[PDB]
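One structure is given here, and the rest of the page talks about it.
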Amino acid sequence: XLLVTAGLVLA
Amino acid sequence: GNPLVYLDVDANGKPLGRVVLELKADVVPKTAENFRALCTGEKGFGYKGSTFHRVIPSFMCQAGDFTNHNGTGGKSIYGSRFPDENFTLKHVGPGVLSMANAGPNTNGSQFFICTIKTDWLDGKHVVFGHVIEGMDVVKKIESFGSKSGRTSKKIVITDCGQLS
């Protein structure tokens, strides 16, 4: 999807 | 009375210009102070020389991983992680400055500058400032990204610091 994560980037 | 910081950004060694960020220390003092100190390098580490590693057109530009340079690292002035201070400020539009994380209470050093309203992130990411000048430079950064987030050029924070 459209997320802003730090390690496991998700959909 | 709020802090002001800058990022001077290159693409493959070619200057793109300056981005000037206001940090909303009146709302999120603890989160603003982390970002300010990572820009000045005053704790002995920080953003200078690190990259925008993940850039997605019409979404956001992500940066701040000065330890691992790949999205897995970064650290704050308070240690590896610090709590979500509050969710008072919202992801209202382009130019919002907000913390990346890996779930609740995992703020470190990574951040993003929005290139659209990212309101689905409200309540999940701590917003702590916004672009005052240099949104045209953010748009140049954005142009070097792709839907996958992979950049076509190496986008480097060649200098950073405080202006206030």
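Chain identifiers are assigned as A, B, and so on, following the order in which chains appear in the structure tokens; residues are numbered from 1 within each chain, and ligands are numbered from 1 in order of appearance.
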- Taking only C-alpha atoms into account, what are the residues of chain A at most 8 Å from chain B, put as a ChimeraX atom specification? /A:2-8
- Which residues in chain B does DSSP call helix (DSSP H, G or I)? List them as a VMD selection string. chain B and resid 29 to 40 119 to 121 135 to 143
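Proximity ranking of B:91, B:30, B:69, B:75 relative to residue 119 of chain B places B:91 first, based on only C-alpha atoms.
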- Task: One decimal, Å: what's the distance from atom CA of residue 11 of chain B over to atom CA of residue 155 of chain B, could you say?
- Result: 4.6 Å
- Query: For residue 143 of chain B, which of B:33, B:57, B:25, B:90 is the closest residue, counting only C-alpha atoms?
  - Reply: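 When distances to residue 143 of chain B are compared using only C-alpha atoms, the smallest one comes from B:57.
If only C-alpha atoms are the atoms counted, then among B:162, B:34, B:5, B:153 the closest residue to residue 131 of chain B is B:5.
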